[PDB]
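Engineer:
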Ligand code: CLA
Ligand code: CLA
Ligand code: CLA
Ligand code: CLA
Ligand SMILES: CC(/C=C/C=C(C)/C=C/[C@@]12O[C@]1(C)C[C@@H](O)CC2(C)C)=C\C=C\C=C(C)\C=C\C=C(C)\C=C\[C@@]12O[C@]1(C)C[C@@H](O)CC2(C)C
Ligand SMILES: CC1=C(/C=C/C(C)=C/C=C/C(C)=C/C=C/C=C(C)/C=C/C=C(C)/C=C/[C@@]23O[C@]2(C)C[C@@H](O)CC3(C)C)C(C)(C)C[C@H](O)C1
Ligand SMILES: CCCCCCCCCCCCO[C@H]1O[C@H](CO)[C@@H](O[C@H]2O[C@H](CO)[C@@H](O)[C@H](O)[C@H]2O)[C@H](O)[C@H]1O
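Residue numbers (my numbering), protein chains in the order written: chain C, 4 to 202; chain L, 607 to 649; chain D, 178 to 335; chain E, 143 to 349.
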C-alpha cells in the first residue's frame with residue numbers, strides 16, 4: 004500500500020497512489036507536470052534495470068575469483084584486457100546495435116502500440132500492454148505481472164542504483180574493490196570507516 | 607512585535623547586507639583553506 | 178611544448194623568481210627577534226610562498242620566457258583544469274541563481290500588489306524555492322520542451 | 143487555566159497579556175516579547191523543556207564524579223579536559239555515531255511537534271505503542287515504567303513545575319561551572335571549599 008517516506012509529512016496531490024512504489028517522495032517538485040511524470044516513470048525503470056544488471060555482473064565475478072575458482076581482474080580494469088577484438092570494434096558494434104533498439108523503444112513511448120509489429124515476419128506482434136511492461140517474448144516463463152512483483156522489482160532497482168553509486172565513489176578514494184573494502188570494515192569495525200580513509 | 611521585527615528584517619537592504627556578509631565569510635574561509643589557486647587539480 | 182612554452186617545473190626563470198622573492202622576505206625577517214610575532218608572520222609568509230611555487234610546479238602549468246605561468250584555453254585535454262572545469266562550475270552556479278530568481282518572480286506575480294513583495298522579501302516562500310535550484314538543468318530543459326519557458330511574440334506588451 | 147492571582151517575577155508589575163498562568167512554571171516573565179505571537183510560544187516551550195533536561199543530565203554527571211574524586215572513592219579525571227583524552231577509537235568516529243543515533247531520535251521527536259500523535263506507534267511491531275497524550279510529555283513502559291505520569295490535573299501540574307524549576311537551576315549551574323573552570327583554573331568542587339574556608343576574600347575579585 005501507499006506508505007510514507009517521512010512519518011508526519013503530507014503527500015503531494017499528484018502522487019495519489021496509482022503507481023507501484025508510491026511513497027509520497029518528491030520534495031523538489033520534478034513531477035508536478037503530468038507528462039514529466041510519465042517520462043520520469045519510464046526513466047526510473049530503465050536506469051534501475053541497468054543498475055541492477057551492472058551491480059550483479061560487477062560483484063559476482065569478484066567473489067568468484069576471490070574464492071579461488073577463477074582468475075579475473077577487477078571491474079575497474081576489465082576494460083584494459085586482451086580480447087579477440089579491439090575496444091573500438093566493440094564500441095562500434097554496441098552503438099549500431101543500440102541505435103535500433105533504443106529508437107524502437109522510443110517510438111512506443113511517443114505513442115503506445117505503434118511499434119508492436121514484427122518488421123520481417125509479418126505474423127507476430129505484441130498484444131496490448133502498458134508502457135514499460137511488455138510481455139510475450141520478453142516474458143518467456145510467463146510470470147504474473149501482479150502489483151506485488153512490480154514493487155519488488157522497483158525496490159531492488161532503487162537499492163541497486165545506490166549500490167552502484169557507492170561502488171563508484173568508493174573506488175575513487177580507496178581503490179581496492181568492494182569486497183576488499185567490506186572485509187577491511189569487518190576486520191576492525193571501529194578503526195576502518197570513511198573517516199580513517201581521509202585521515 | 608515579533609511579526610513587525612520579522613517584517614523589518616526582510617526588507618531588501620537588510621537582507622542584502624546579511625546575504626553578502628555570509629557569502630564573503632564563506633569565500634574568505636575557502637581562500638584560507640585552499641590558497642593561491644590557478645586551476646582545478648582534483649580531477 | 179605548446180606554443181613554444183616550457184613547463185614551470187623545468188624553468189630556470191621560475192626558480193630565479195622564487196629565489197628572489199624568498200631572499201627579499203628573508204632580508205626583512207633578519208630585522209626582528211627570532212621569537213617575536215613579526216618574525217613568525219614573515220616565516221609563515223615564506224612557507225606559503227614556497228608551497229605556492231611547488232604546487233604551481235607540480236600541477237602541470239606552462240611558463241613563458243618571462244618565467245610566469247600561462248593558461249591554455251583551446252580545448253587541449255592536458256589543461257582542462259585551467260578553464261573548462263571551473264567554467265562548468267560557474268555555469269552551474271549562475272544557472273542556479275537565475276533559476277531561483279525567475280521562479281520567485283513567477284510565483285509572486287499572482288498577488289494583488291506584486292511590487293510590494295519585491296522590496297520586502299517573503300522569506301517563508303523563498304526558503305521553499307531556494308533548494309530547487311539543485312536540479313535547475315533538468316527543470317529548465319523540461320520546461321523548454323513543453324513550451325513553458327518562452328512567451329510568444331504576439332503576446333508581449335505592457 | 144487563567145490564574146491572575148499568582149506570584150510573579152516582579153511584584154507590582156502587570157503580567158503580559160499573552161501569559162495567563164496556564165503552562166507550568168509561569169511567572170509572567172517575558173520582557174523582550176519573544177513569545178507575543180502564539181505560534182512561536184509552543185516552539186519556545188519545547189525548546190526550554192529540552193534545554194532543561196540536557197542541562198539536568200549534564201549537571202548530575204559533572205559534580206558527583208568530581209565529589210567522589212575529591213573524597214577519594216573514584217579516580218575520574220577533570221571534566222573540563224575529558225574531551226581531549228584518547229579512547230578505544232578515534233574521537234571523530236564517536237561524533238558521527240553519536241550524530242546518527244541521536245538524529246534518529248531527534249527527527250522522531252520533530253515529527254511529533256508538527257503532527258501530534260503521528261509517531262506513537264512502533265514502526266517494526268505495530269502492537270506496542272506509547273500511551274502519552276501531550277506534546278513534550280510522552281508515556282509508556284519505555285518512558286514511564288513506574289506510571290507516575292497519569293494523575294488528576296493537580297499533581298501533574300506540580301510535578302511539571304518541579305521538573306521545570308530543577309532544570310532551570312541546572313541551566314545556570316552548568317554555565318557557572320564552565321566559566322569557573324575557564325577563569326579560576328581548578329575544579330568546581332575545590333571552589334566550594336575555597337569559598338567555605340575564607341568566605342570574605344575567596345571570591346571572583348580574588349583573581
Ligand atoms: C547502500 C549501500 C552501502 C553499504 C552497505 C556500504 C558499506 C560500506 N561502505 Mg559505502 N558508500 C555507499 C553505500 C554503501 N556503503 C554510498 C552510497 C556512498 C557514496 C556516498 C558510499 C561511500 C563510501 C565511502 C567513501 C567509504 C565507504 C565505506 C564503507 C564501509 C565502511 C562503513 C562506512 O564508513 O560507510 C560510510 C557511509 C557512507 C559514506 C554513506 C552511506 C550511504 C548509504 C546509502 C546508507 C545505506 C543505509 C541502509 C539502511 C543500510 C543497509 C545495510 C545492509 C542491509 C545493506 C562499508 C563496507 C568505507 C570503506 O571503504 O571502508 C573500508 C569508505 O571509506 N562507503
Ligand atoms: C573577472 C574577473 C576575475 C577573475 C576571473 C578572477 C579570478 C581569480 N581571482 Mg581575482 N580579482 C578580481 C577579478 C577576478 N579574479 C578583482 C576585480 C579583484 C580585486 C577586488 C581580484 C582580487 C583577487 C585576489 C586578491 C585574489 C584573486 C584570486 C583569484 C582566484 C580565485 C580562485 C579561488 O578562490 O578558487 C577557490 C574558490 C572556489 C572553488 C569557489 C567555490 C564556490 C562555491 C563554494 C562552490 C560550491 C559548489 C557546490 C558544492 C555544488 C557542486 C556539487 C554538486 C554535486 C551539487 C581566481 C584565479 C586569488 C588567487 O589565488 O589568485 C591566484 C587571490 O588571492 N583575485
Ligand atoms: C532574476 C534575475 C534576472 C534574470 C534571470 C535576468 C536575465 C537576463 N538579463 Mg537581466 N537584470 C536583472 C535581473 C535578471 N536578469 C537585474 C536585477 C538587473 C538590474 C541591474 C538586470 C539588468 C540587465 C541588463 C542591463 C541586461 C540584462 C540582460 C539579461 C539577459 C542575459 C543575461 C545577462 O546579460 O545578465 C546580466 C545581468 C546582470 C549582471 C544583472 C545582475 C543579475 C542578478 C545577479 C540576478 C539575481 C538578483 C536577484 C535579486 C535574486 C533574487 C532571488 C530570489 C530568490 C528572491 C537575460 C534575459 C541583458 C539582455 O538584455 O540580454 C539580451 C542585458 O543587457 N539584465
Ligand atoms: C547557581 C549557580 C552558582 C553557584 C552556586 C555558584 C557558586 C560559586 N561561584 Mg559561580 N558562577 C555562576 C553560578 C554559580 N556559582 C555563574 C552563572 C557564573 C557565570 C556568570 C559564575 C561565575 C563564577 C566565577 C567567575 C567565580 C565563581 C565563584 C563561585 C564561588 C564564590 C562565589 C562567587 O564569587 O560568586 C560570583 C558570582 C557570579 C560571578 C555570578 C553568579 C550568578 C548566578 C546566577 C547566581 C545564582 C545564585 C543562586 C540563585 C543562590 C541560591 C543557590 C541555591 C543552591 C541555594 C562559589 C562556590 C568564584 C570561585 O571560584 O570562588 C572560589 C569565582 O571565581 N562563579
Ligand atoms: C544559560 C542558558 C540560557 C539562558 C537563557 C536566558 C537567560 C534567557 C533569558 C530571556 O529569554 C528570557 C527567558 C525571556 C526574555 O523575554 C528575556 C531574556 C533575558 C532574553 C542555557 C544553557 C544551556 C546549557 C546546556 C544545554 C548545557 C549542557 C551541558 C552538557 C550536556 C554537558 C555534558 C558534559 O558534562 C558532561 C555530563 C560530562 C563531561 O565529561 C562532558 C560534557 C559534554 C561537558
Ligand atoms: C527521486 C528524487 C530525488 C533523488 C534522486 C536520486 C538520488 C537519483 C539517483 C540516481 C542514480 C544514483 C542513478 C544511477 C544509475 C546507475 C547506472 C545506470 C549504472 C550502470 C552501470 C553499468 C551498466 C555498469 C557496467 C559495468 O560494471 C559492469 C557490469 C562490468 C564492468 O567490467 C564494466 C562496467 C561498465 C563498469 C531528489 C532529486 C533528491 C528529489 C526528487 O524530488 C525526488
Ligand atoms: C548539442 C545539442 C543539440 C540539441 C538538439 C535538440 C534540440 C531540441 C529543441 C527543442 C525545442 C523546444 O522548444 C521549441 O518548441 C516548443 C514547442 O514544442 C516551442 O514552444 C512554443 O510552442 C508551444 C506549443 O507547441 C507553446 O505552448 C509555447 O508557448 C511556445 O513558446 C518553443 O518556443 C521552441 O523553442
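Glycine included, C-beta positions come from ideal geometry on N, C-alpha and C.
Between the segment 183-199 of chain C and the segment 79-99 of chain C, are three or more C-beta pairs nearer than 8 Å?
Structural biologist: no
Engineer: With ligand 3 as the reference, list in chain order each residue whose Cβ lies under 7 Å from any of its heavy atoms.
Structural biologist: D:274, D:275, D:277, D:278, D:279, D:281, D:282, D:298, D:303, D:306 and D:307
Engineer: CB-CB under 7 Å to residue 20 (chain C), same chain, minus the five flanking residues each way: which ones, in chain order?
Structural biologist: Taking the first residue of the first chain as 1, we reach residue 20 (chain C) at position 17. Cβ within range, chain order: 5.
Engineer: For residue 610 (chain L), which option in D:271, D:297 and D:306 has the closest C-alpha, if you only look at C-alpha atoms?
Structural biologist: Working through the second chain from its first residue, we reach residue 610 (chain L) at position 4. Taking only the C-alpha atoms, the option nearest residue 610 (chain L) is D:297.
Engineer: Apart from the five residues just before and just after residue 302 (chain E), which ones in its own chain have a Cβ nearer than 6 Å to its Cβ?
Structural biologist: On the fourth chain, position 160 is the one that residue 302 (chain E) refers to. If we look at residue 302 (chain E) and ignore the five residues flanking it on each side, its Cβ neighbours are 166.
Engineer: For the segment 299-331 of chain D, which residues have a CB atom closer than 7 Å to at least one CB atom of chain L, in sequence order?
Structural biologist: 300
Engineer: So if DSSP puts residue 297 (chain D) in a beta bridge, which residue, or which two residues, is it bridged to?
Structural biologist: Within the third chain, the letter at position 120 stands for residue 297 (chain D). Answer by DSSP bridge pairing, in chain order: L:617.
Engineer: On the CB-based measure, 16 or more other CB atoms within 10 Å of its CB, does residue 26 (chain C) come out buried or exposed?
Structural biologist: As a position in the first chain, residue 26 (chain C) is number 23, starting the count at 1. The residue is exposed, with fewer than 16 neighbouring Cβ atoms inside 10 Å.
Engineer: Is the separation between the beta-carbon of residue 159 (chain E) and that of residue 170 (chain E) shorter than 8 Å?
Structural biologist: Along the fourth chain, read from residue 1 onward, the residue named residue 159 (chain E) stands at position 17. Along the fourth chain, read from residue 1 onward, the residue named residue 170 (chain E) stands at position 28. Result no, Cβ atoms of residue 159 (chain E) and residue 170 (chain E) do not sit closer than 8 Å.
Engineer: What first and last residue would you give for the alpha helix (DSSP H) that runs through residue 207 (chain E)?
Structural biologist: Position 65 of the fourth chain, counted from the start, is the residue given in the question as residue 207 (chain E). For residue 207 (chain E), the uninterrupted alpha helix (DSSP H) run begins and ends at 206-213, by DSSP.
Engineer: What did DSSP end up calling residue 271 (chain E) once you bin it into helix, strand or coil?
Structural biologist: On the fourth chain, position 129 is the one that residue 271 (chain E) refers to. When secondary structure is reduced to three states using DSSP, residue 271 (chain E) falls in the strand class.
Engineer: With a threshold of 16 other CB atoms inside 10 Å of the CB of residue 160 (chain C), please say whether the residue is buried or exposed.
Structural biologist: Counted from its first residue, the first chain places residue 160 (chain C) at position 157. With 16 or more Cβ atoms within 10 Å of its Cβ, residue 160 (chain C) is classed as buried.
Engineer: Scan the segment 242-265 of chain E for residues whose Cβ lies nearer than 7 Å to a Cβ of chain C and list them as they occur along the chain.
Structural biologist: 253, 256, 257, 260 and 261
Engineer: Check each residue's C-beta against every heavy atom of ligand 1 and list, in chain order, those closer than 6 Å.
Structural biologist: C:165, C:166, C:168, C:169, C:172, C:173, C:176, C:177, C:184, C:185, C:187, C:188, C:195, C:196, C:197 and C:200
Engineer: Under 8 Å Cβ-Cβ, which residues of chain D neighbour residue 613 (chain L)?
Structural biologist: Your numbering for residue 613 (chain L) matches position 7 in the second chain. Within chain D, the C-beta atoms nearer than 8 Å to that of residue 613 (chain L) come from 297, in chain order.
Engineer: At which residues does the alpha helix (DSSP H) containing residue 199 (chain D) begin and terminate?
Structural biologist: The residue labelled residue 199 (chain D) in the question sits at position 22 within the third chain. Following the DSSP letters along the chain, one finds residue 199 (chain D) inside the alpha helix (DSSP H) bounded by residues 189-206.
Engineer: Please determine whether the Cβ atom of residue 198 (chain E) lies at a distance below 7 Å from any heavy atom of ligand 5.
Structural biologist: Counting from 1 along the fourth chain, the entry for residue 198 (chain E) is found at position 56. No.
Engineer: In whole angstroms, give me the CA-to-CA distance for residue 260 (chain E) and residue 273 (chain E).
Structural biologist: As a first step, residue 260 (chain E) must be located in the fourth chain, where it is residue number 118. As a first step, residue 273 (chain E) must be located in the fourth chain, where it is residue number 131. The alpha-carbon atoms of residue 260 (chain E) and residue 273 (chain E) are separated by roughly 12 Å.
Engineer: Within 10 angstroms of its Cβ, does residue 283 (chain D) collect 16 or more other Cβ (buried), or is it exposed?
Structural biologist: Taking the first residue of the third chain as 1, we reach residue 283 (chain D) at position 106. The residue is exposed, with fewer than 16 neighbouring Cβ atoms inside 10 Å.
Engineer: Alpha carbon to alpha carbon, how far is residue 169 (chain C) from residue 298 (chain E)? Give it in angstroms, no decimals.
Structural biologist: For the purposes of this step, residue 298 (chain E) is identified with residue 156 of the fourth chain, where counting begins at 1. For the purposes of this step, residue 169 (chain C) is identified with residue 166 of the first chain, where counting begins at 1. Rounded to whole angstroms, residue 298 (chain E) to residue 169 (chain C) spans 51 Å at the Cα level.
Engineer: Tell me where the alpha helix (DSSP H) around residue 187 (chain C) begins and ends.
Structural biologist: As a working note, residue 187 (chain C) is residue 184 in the first chain. First-last of the alpha helix (DSSP H) with residue 187 (chain C): 181-190.
Engineer: Classify residue 156 (chain C) as helix, strand or coil using the three-state DSSP reduction.
Structural biologist: For the purposes of this step, residue 156 (chain C) is taken as the residue at position 153 of the first chain. Correct three-state label for residue 156 (chain C): helix.
Engineer: Would you kindly report the start and end of the unbroken alpha helix (DSSP H) that includes residue 110 (chain C)?
Structural biologist: Counting from 1 along the first chain, the entry for residue 110 (chain C) is found at position 107. Element bounds for residue 110 (chain C): 90-113.
Engineer: Quick check on this structure: which residue in C:194, C:135, C:58 and C:16 has the alpha carbon closest to the alpha carbon of residue 171 (chain C)?
Structural biologist: Taking the first chain and counting its residues from 1, one reaches residue 171 (chain C) at position 168. Checking every option, the nearest Cα to that of residue 171 (chain C) belongs to C:58.
Engineer: Please report the distance separating the alpha-carbon of residue 232 (chain D) from that of residue 243 (chain E).
Structural biologist: On the third chain, residue 232 (chain D) is found 55 positions in, with the first residue counted as 1. On the fourth chain, residue 243 (chain E) is found 101 positions in, with the first residue counted as 1. Cα atoms of residue 232 (chain D) and residue 243 (chain E): separation of roughly 41 Å, rounded to the nearest angstrom.
Engineer: Ligand 2 heavy atoms versus the CB of residue 245 (chain D): any closer than 7 Å?
Structural biologist: In the third chain, counting from the first residue as 1, residue 245 (chain D) sits at position 68. Residue 245 (chain D): no, Cβ never under 7 Å from ligand 2.
Engineer: I need the boundaries of the alpha helix (DSSP H) containing residue 289 (chain D), first residue and last residue.
Structural biologist: For the purposes of this step, residue 289 (chain D) is taken as the residue at position 112 of the third chain. Careful: residue 289 (chain D) lies outside any alpha helix (DSSP H) and carries neither H nor E.
Engineer: Closest Cβ-Cβ distance between residue 27 (chain C) and chain E: below 8 Å?
Structural biologist: Taking the first chain and counting its residues from 1, the one referred to as residue 27 (chain C) is at position 24. Answer no: the Cβ-Cβ gap between residue 27 (chain C) and chain E never drops below 8 Å.
Engineer: Please tell me whether, using a cut-off of 7 Å, the distance from the CB of residue 212 (chain D) to the nearest non-hydrogen atom of ligand 2 is below it.
Structural biologist: Residue 212 (chain D) sits at position 35 when you count from the first residue of the third chain. No - ligand 2 has no heavy atom lying nearer than 7 Å to the Cβ of residue 212 (chain D).
Engineer: Have a look at residue 317 (chain D) and residue 278 (chain D) and give me their C-alpha separation to the nearest angstrom.
Structural biologist: Translated into positions along the third chain, residue 317 (chain D) becomes position 140. Translated into positions along the third chain, residue 278 (chain D) becomes position 101. If I take the Cα positions, the gap works out to 13 Å.
Engineer: Taking the beta carbon of residue 293 (chain D) as the centre, do at least 16 other beta carbons fall within 10 Å, making it buried, or is it exposed?
Structural biologist: Counting from one through the third chain, the residue named residue 293 (chain D) turns up at place 116. Residue 293 (chain D) should be labelled exposed.
Engineer: Against chain L, with Cβ distances strictly below 8 Å, would residue 236 (chain D) count as a contact?
Structural biologist: Numbered from its first residue, the third chain carries residue 236 (chain D) at position 59. With 8 Å as the cut-off, residue 236 (chain D) counts as an interface residue toward chain L.
Engineer: Report back the beta-carbon spacing between residue 188 (chain D) and residue 244 (chain D) to the nearest angstrom; my notes put them in contact at under 8 Å.
Structural biologist: In the third chain, counting from the first residue as 1, residue 188 (chain D) sits at position 11. In the third chain, counting from the first residue as 1, residue 244 (chain D) sits at position 67. 6 Å between Cβ atoms; contact.
Engineer: For ligand 2, I want to know if residue 643 (chain L) counts as a neighbour, meaning its beta carbon is within less than 7 Å of at least one of the ligand's heavy atoms.
Structural biologist: Counting from 1 along the second chain, the entry for residue 643 (chain L) is found at position 37. Residue 643 (chain L): yes, Cβ under 7 Å from ligand 2.
Engineer: Please list the terminal residues of the continuous alpha helix (DSSP H) segment that includes residue 322 (chain E).
Structural biologist: Taking the first residue of the fourth chain as position 1, residue 322 (chain E) is located at position 180. Element bounds for residue 322 (chain E): 297-325.
Engineer: Which same chain residues end up closer than 6 Å to residue 162 (chain E) when comparing Cβ atoms and leaving out the 5 residues on each side of it in sequence?
Structural biologist: For the purposes of this step, residue 162 (chain E) is taken as the residue at position 20 of the fourth chain. Cβ neighbours of residue 162 (chain E) beyond the five flanking positions: 144.
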